[PDB]
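**Q** Pasting an experimental structure with its sequence.
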Amino acid sequence: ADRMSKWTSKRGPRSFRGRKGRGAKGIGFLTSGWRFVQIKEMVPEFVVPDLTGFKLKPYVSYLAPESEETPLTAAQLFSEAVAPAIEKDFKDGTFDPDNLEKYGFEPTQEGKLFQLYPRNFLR
Amino acid sequence: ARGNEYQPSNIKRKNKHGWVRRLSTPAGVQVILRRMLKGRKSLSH
Amino acid sequence: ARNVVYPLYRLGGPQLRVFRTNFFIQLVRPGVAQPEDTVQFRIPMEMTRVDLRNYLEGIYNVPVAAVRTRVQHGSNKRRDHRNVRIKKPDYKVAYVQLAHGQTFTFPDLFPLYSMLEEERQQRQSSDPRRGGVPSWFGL
Amino acid sequence: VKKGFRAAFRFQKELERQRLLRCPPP
Amino acid sequence: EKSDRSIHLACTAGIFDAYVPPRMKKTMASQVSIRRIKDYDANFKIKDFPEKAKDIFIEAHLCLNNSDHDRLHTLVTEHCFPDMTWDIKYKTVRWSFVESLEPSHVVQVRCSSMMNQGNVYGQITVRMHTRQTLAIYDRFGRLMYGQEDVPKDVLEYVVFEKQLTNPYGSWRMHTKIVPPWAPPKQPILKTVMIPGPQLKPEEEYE
Amino acid sequence: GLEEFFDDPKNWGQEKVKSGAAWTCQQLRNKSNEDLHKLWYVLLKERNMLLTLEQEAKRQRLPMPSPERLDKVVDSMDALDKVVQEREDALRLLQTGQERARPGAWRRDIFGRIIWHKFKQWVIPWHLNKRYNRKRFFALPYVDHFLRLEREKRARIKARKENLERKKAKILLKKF
Amino acid sequence: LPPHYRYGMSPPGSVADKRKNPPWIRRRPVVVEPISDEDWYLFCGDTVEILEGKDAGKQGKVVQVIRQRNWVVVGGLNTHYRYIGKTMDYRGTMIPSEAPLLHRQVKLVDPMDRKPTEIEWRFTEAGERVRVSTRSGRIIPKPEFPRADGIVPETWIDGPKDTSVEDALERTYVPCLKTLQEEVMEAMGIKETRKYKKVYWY
Amino acid sequence: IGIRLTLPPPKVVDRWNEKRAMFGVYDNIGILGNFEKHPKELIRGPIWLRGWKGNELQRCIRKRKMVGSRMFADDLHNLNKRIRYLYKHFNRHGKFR
Amino acid sequence: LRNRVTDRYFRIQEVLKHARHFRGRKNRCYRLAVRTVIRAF
RNA sequence: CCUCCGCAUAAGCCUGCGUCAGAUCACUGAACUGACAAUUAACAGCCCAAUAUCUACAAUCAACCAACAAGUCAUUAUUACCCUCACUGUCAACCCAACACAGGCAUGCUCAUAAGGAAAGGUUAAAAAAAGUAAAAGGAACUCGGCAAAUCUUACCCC
RNA sequence: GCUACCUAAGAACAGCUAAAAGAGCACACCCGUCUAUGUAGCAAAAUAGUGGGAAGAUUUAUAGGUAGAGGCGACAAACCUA
RNA sequence: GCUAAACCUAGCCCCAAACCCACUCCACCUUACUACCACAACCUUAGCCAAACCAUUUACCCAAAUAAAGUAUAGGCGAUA
Ligand SMILES: [Mg+2]
Ligand SMILES: [Mg+2]
Ligand SMILES: [Mg+2]
Ligand SMILES: [Mg+2]
Ligand SMILES: [Mg+2]
Ligand SMILES: [Mg+2]
Ligand SMILES: [Mg+2]
Ligand SMILES: [Mg+2]
Ligand SMILES: [Mg+2]
Ligand SMILES: [Mg+2]
Ligand SMILES: [Mg+2]
Ligand SMILES: [Mg+2]
Ligand SMILES: [Mg+2]
Ligand SMILES: [Mg+2]
Ligand SMILES: [Mg+2]
Ligand SMILES: [Mg+2]
Ligand SMILES: [Mg+2]
Ligand SMILES: [Mg+2]
């Protein structure tokens, strides 16, 4: 006879308490006789770098001078990545409206391991 | 002796007055709609 | 990582990876007497014991042997001035048994005022021979 | 809190009379 | 709690160098201190000050008499005022000043040396020897100490403070020095009982 | 090791720890892509130390040495995440012209209100999905009257707000 | 904060403030004259003159500004006395304590003329927002005041966990149309050969 | 008890504010201005009330037909109910027939 | 509450004045006092 | 001195007599307030590739016998198939009866306990009232009626 | 989620006599004959004692169904949240 | 002398003007707020009440205020419309 409390896996009868969980992402499946099969590949792997000889530390010196905040946009990214290559190739006759893929553009995301839309990677 | 008419169970509570039971019929939909307009914090069990 | 949509897997897929992991850990002093190898942790809900194993041996290079978890229910008994229930949040508790017979014990963390002090000692209290007569006058 | 001034003024004058009864001036 | 606002002090408790009542070292200390007075104000005279110290003393005591705390505040430090007025509330004081015997003179002058930020204090000590009258009455107006209108002699040592840094700082009475060799204060009217140890059943008197 | 859940023993129970300023977004933008990834784990370990330290103070019923450190650390990582997010977002625009990473649609729930429905991933196509087909992404007619009442309600609240604004200005004119 | 919280002299998060304004209380709101953020001209460390109240017609230094109530606190001016440290038995010790003033109750001083003057905001090529006296063509500079944390940046020393300025401000980012994810993988030498299969999104 | 125990703040009425000073000016717009406008064109307020007077029942009838379409669902239900009430009151009740 | 009687205290005192010298509750309780005061007059 | 109760599971409830500090029929305290702790899976929940194809003969110590109401439990052929122990429940004096209610409440083990409990705030020994125990001689004389207590009967009539 | 009835898949019934049974005595259980207490009570129907059944048309846990111009009913105008 | 009493301002009402909000990450129609597998919507309002009963009948928003006009007309030719 309570409506206002949050509904949880603690709360039902036996069957109910089995079915619901907390938020944890499942990492396998079940087979006959309730045997759990784990898939190694479904388990997230921590991609953790080498920290040896690394100068950056978690806090910053106050002695550092202040600079104006300017966020990143597509326009300026194009200007400081693609634009110099394009204009340099515009000077000669190497540039082409077709096959501009040389500059880093891709027609499709289908083949890629890291597909941008829809996103297929974690963080 | 009377008064103990409520013999509680989670299964029965949910299958009778739950969100899914509510949406199942147009009548129930309107029940939810009413509670939303009144500003109830419990829309259903 | 938590509060992100995990990409689906089909057979023969690429190995799922995280690069920056939302999970944050506390290592906590147990309230009950434990084995020397066992260490306690407060853990995000969405974390698994598989995850915590990998987390510790990955980031901290801590070899672990065994991990067991449980979900601690916070009390909803407390009420405010408006007579509304205040929920203490539920958290997950992970016990980790170390390998190679390593032993860990929780460290012993935590081993104008002049004017105030000088006046406090200049109190002079009160002499019952005077019987409450003012003391300021030198007469 | 009742809008009006007359009843309030009357009451103050009543209180003045009571105060005079309690401790008459020299 | 850490916030930018600070508790602002207009006095210091205690005495920089306690004058001891009954030699060239004290005079040179006074000379360097008066120099450290002059550089701040440049209109200070050691000659004329005792009179100012005298009349300030009298008017402070007149304040006590009539219970005017505001004038007293302009006149007496924040260290002194509690000692002045903790007992005096809910009783009447009748203090008067009769003619002085020995003229008031300065005994020593000392200065602080930047113990706190934006705070320089200066303590000067004056010896005063005069006869006064005093009566303290009870809450019901029953004479409880002193006599009505007959003077008795008193020797007192008084310390004066000023804020040297502050432009609105003023010379105020700060404290009294009681000598160890001083005769005891004249006896009170009533008799008292001092209770002995209140013993728990499981105790014996020694 | 397990030891690095705690800071340097020399500064244990020191009441005050001198700590640096939180990283700015600008500073992090100058930093390399790979280097941000490395810095991010440096910030991770630091967070966990401070979180365990929070809890231990709470247990001993003692004040934390420098609690503000935690805030700084958090902010730095917020900043870092934002910086990285920006890079991904920028690149998406240049490559696909999609503003949102996850696909979705404007839909009409049964309560007749317009929602941004986020998609989920499935193995099978939608027409074959029994659970998905159970959902009603449309409003039958009976809902329209409620939509009216809802609107009217919103209007009332708004009207009330406006009035009070005006009234308040009036009294503020008589006093000044 | 609750709606119609009363701003005390205590900072809002303090224990003292919690004692004064608990969650349940609902006092009559204070009527304050709303003045624009640009038009506000009283800063901490400025010298002002007190016009009315006790201790009027005297210079003083601003120590605290509470913008919510249009309040200015002057250190050691407009003072009343309280005892601090009083217990069951002990009487405590007496200190002076400042009372706030409305911004009408003070005005700024001319730095040279040493007299109270009205002030107007001006735009200059040198200074975007500057302050000028109405009667005297004299500019009043912004007073020096320490930061919130009180770091004192002129004399500060790095700790063990503090990044050196040169290391922090070196630009190691070279723009590219790889993601963070692609970059780290290829740099760490971790390689995947299998192709990611296509999923229905709905 | 239920009587105030102090005098309320004195109320000062400015009889010579602009609104009081120019009260009732242009009430003679008609006779003095060639009959270009009726004075009833100085009336501001409800749509159904400008230069018209009636009892409650009549006022309700009028509000129903003039702003009936544009008013809120629950307000209109209240107004339809008012009219039903008043209709019975006036036609079926009272001292005199 | 467009119009509220503000001076009932004075209307009450008019009866109670006469009732002062009586015995029991009717010397102070208005709904009792009035009835006896009428009879008295 | 009492125990027809206990211990466990289920069902229901949701931190609801653990520790520490203040605080208030009974302690100036606790089943009050705040802060801190805790319940670790082997038990239990959470299952199963496809298309055909198979499946007459109870249970009852299943033996003899004996039935009637006719009964809880099975596959094979071919194809496809190689990774592992994840997730959730786990506390308490507890639930439904407005209550710390002589009421309600499923199964297993203990059938009297190895477990769990306390009828009496202190006194005095009036009346009337409730529940007992005993009673000379008599044995229904009581009463609408042997109601009740007893005792632990017989023959009928109406339906 | 009480109660009336049904549906699915369950569970309970000691001891003794019996030609062996909607049998007999009699626990647990289910019901409620008679008396007394209680009557703002322990209780919006209880308690103490005495009784009826207790291998069956028995009792009972879980889930589902039938809805008011109606359901359900070994008909009491019974029951369908005091 | 206790219990008390006293308060002005939160806000709200009716107008006018003007056509409104639908919203970081995650989750949410299965037992909602739960990552992850082969049916379908449109269908005369009735009644109280008035008629001093009741049985035909009994005003209810339809797109310009006023007037035409409670007129023509309808109606157990009556209530009334
Ligand atoms: Mg039941
Ligand atoms: Mg577990
Ligand atoms: Mg198992
Ligand atoms: Mg025992
Ligand atoms: Mg007892
Ligand atoms: Mg007794
Ligand atoms: Mg008797
Ligand atoms: Mg006998
Ligand atoms: Mg007889
Ligand atoms: Mg007889
Ligand atoms: Mg009998
Ligand atoms: Mg039956
Ligand atoms: Mg039988
Ligand atoms: Mg029998
Ligand atoms: Mg019959
Ligand atoms: Mg009958
Ligand atoms: Mg009729
Ligand atoms: Mg009638």
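**A** That came through, no problem. Numbers count the residues shown, from 1 in each chain, chains lettered A, B, ... in the order given. Ligands and ions are numbered 1, 2, ... in the order given.
**Q** contacting residues around the one residue sitting closest to the centre of chain E?
**A** In chain E, the C-alpha closest to the average C-alpha coordinate belongs to residue E:175, at a distance of 2.8 Å (CA atoms, centre = their mean). Listed by CB atoms under 8 Å, 6 or more residues apart in numbering or on different chains, the contact set of residue E:175 reads E:15, E:79-80, E:83, E:158-159. Just so you know, the C-beta spots here come from the backbone N, C-alpha and C atoms, and that holds for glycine as well.
**Q** Please repeat the previous calculation with a cut-off of 7 Å.
**A** Applying CB atoms under 7 Å, 6 or more residues apart in numbering or on different chains, one finds that residue E:175 lies in contact with E:15, E:79-80, E:159.
**Q** Now do stretch E:47-66: distance to the chain's middle.
**A** Here stretch E:47-66 is found 11 Å from its chain centre; the criterion is CA atoms, centre = their mean, to the nearest Å.
**Q** any idea how far residue C:130 is from the residue nearest to the centre of chain E?
**A** Computed with CB to CB, to the nearest Å, the distance linking residue E:175 and residue C:130 is 19 Å.
**Q** Chain H: helices as residue ranges?
**A** H:18-21, H:29-32, H:56-67, H:73-92 (DSSP state H).
**Q** now swap in chain A and tell me
**A** If DSSP H is used as the criterion, the helices of chain A fall at A:14-19, A:74-79, A:83-91.
**Q** okay, the ones you listed in TSV with distance to chain E next?
**A** Compiled in TSV, those are given as follows (distance: least, CB to the nearest CB, whole Å):
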stretch	distance to chain E
helix A:14-19	48
helix A:74-79	40
helix A:83-91	49
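**Q** Looking at the ones you listed, spot the one closest to chain F.
**A** helix A:74-79 (4.0 Å; CB to the nearest CB).
**Q** Nearest to chain C: which residue in chain D?
**A** Distances between chain D and chain C by CB to the nearest CB are smallest at residue D:1, namely 26.2 Å.
**Q** mind checking how far the closest residue in space to that residue that isn't next to it in sequence is from residue H:83?
**A** Spatial nearest neighbour of residue D:1, excluding adjacent residues (CB to CB, 6 or more residues apart in numbering or on different chains): residue H:4 at 7.6 Å. Between residue H:4 and residue H:83 the distance, using CB to CB, works out to 43 Å.
**Q** Could you say which of the helices of chain H is packed most deeply?
**A** Across the helices of chain H, averaging neighbours per residue (mean count of other CB atoms under 10 Å in any protein chain shown) puts helix H:56-67 on top, at a mean of 16.
**Q** Whether that helix contacts RNA strand L - can you check?
**A** Yes. Counting by CB under 7 Å from any atom of the strand, RNA strand L is contacted by helix H:56-67 at H:62-67.
**Q** What angle do helix H:73-92 and that helix make with each other?
**A** Using axes from the mean of the first three to the mean of the last three CA atoms, to 10 degrees, the direction of helix H:56-67 lies 140 degrees away from that of helix H:73-92.
**Q** Packing partners of helix H:56-67?
**A** Helices and strands touching helix H:56-67, by 3 or more CB pairs under 7 Å, 6 or more residues apart in numbering or on different chains; DSSP states H and E, are helix H:73-92.
**Q** Quick check: which element contains residue C:52?
**A** helix C:49-55 (DSSP states H and E).
**Q** next one: that helix to chain centre, how far?
**A** For helix C:49-55, the distance between its averaged C-alpha position and the chain's averaged C-alpha position is 20 Å (CA atoms, centre = their mean).
**Q** and after that helix, which helix or strand comes next?
**A** Taking DSSP H and E as the definition, the helix or strand that follows helix C:49-55 towards the C-terminus is strand C:64-72.
**Q** looking at it, residue E:78 is touching residue G:96, isn't it?
**A** Yes. Residue E:78 is in contact with residue G:96 according to CB atoms under 7 Å; the separation is 6.3 Å.
**Q** List the residues that are in contact with both of those two.
**A** Shared contacts of residue E:78 and residue G:96, defined by CB under 7 Å, 6+ apart, are found at E:10, G:81.
**Q** who has more neighbours, those two?
**A** residue E:78 (21 against 18; other CB atoms under 10 Å in any protein chain shown).
**Q** which residues in chain G form helices?
**A** Ranges of helices in chain G, per DSSP H, are G:15-20, G:165-168, G:180-188.
**Q** Please produce CSV containing these, extended by mean neighbour count.
**A** Output for those, formatted as CSV (neighbours: other CB atoms under 10 Å in any protein chain shown):
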stretch, mean neighbour count
helix G:15-20, 12
helix G:165-168, 16
helix G:180-188, 17
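**Q** Mind putting these into TSV with distance to chain A?
**A** Listed next are these as TSV, based on distance: least, CB to the nearest CB, whole Å:
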stretch	distance to chain A
helix G:15-20	28
helix G:165-168	5
helix G:180-188	5
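**Q** between these, which gets nearest to residue E:61?
**A** Distances from residue E:61 to each of the helices of chain G were compared by CB to CB, and the smallest falls on helix G:15-20, at 37.5 Å.
**Q** quick one, what contacts residue C:57?
**A** By CB under 7 Å, 6+ apart, the contact set of residue C:57 is C:63-64.
**Q** I'd like to know how far it sits from chain F.
**A** In this structure, residue C:57 and chain F are separated by 11 Å, where distance is defined by CB to the nearest CB, to the nearest Å.
**Q** measure the residue of chain D closest to chain C to residue I:6 for me?
**A** Spatial separation of residue D:1 from residue I:6 under the definition CB to CB is 11 Å.
**Q** picking that back up, closest one to residue G:116 among the helices of chain H?
**A** Closest to residue G:116 of those is helix H:18-21 (CB to CB; 35.9 Å).
**Q** Would that closest one count as contacting chain F?
**A** No. Figure legend: helix H:18-21 not in contact with chain F (CB under 7 Å from any CB of the partner chain); closest approach 13.7 Å.
**Q** Dump the C-alpha coordinates for stretch E:95-108 into PDB.
**A** What follows is stretch E:95-108, C-alpha atoms only, in PDB (Å, rounded to 0.1, in the frame of the first residue of the first chain):
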ATOM      1  CA  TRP E  95      30.700  58.600  43.100                       C
ATOM      2  CA  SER E  96      32.200  62.100  43.600                       C
ATOM      3  CA  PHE E  97      35.600  63.700  43.100                       C
ATOM      4  CA  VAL E  98      37.200  65.700  45.900                       C
ATOM      5  CA  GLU E  99      40.400  67.700  45.500                       C
ATOM      6  CA  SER E 100      43.600  65.900  44.500                       C
ATOM      7  CA  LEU E 101      46.500  65.600  46.900                       C
ATOM      8  CA  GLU E 102      49.500  64.800  44.700                       C
ATOM      9  CA  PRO E 103      49.400  66.100  41.100                       C
ATOM     10  CA  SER E 104      49.100  63.400  38.300                       C
ATOM     11  CA  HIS E 105      52.300  62.500  36.400                       C
ATOM     12  CA  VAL E 106      53.200  59.900  33.800                       C
ATOM     13  CA  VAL E 107      55.400  57.000  35.000                       C
ATOM     14  CA  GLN E 108      56.000  55.100  31.700                       C
END
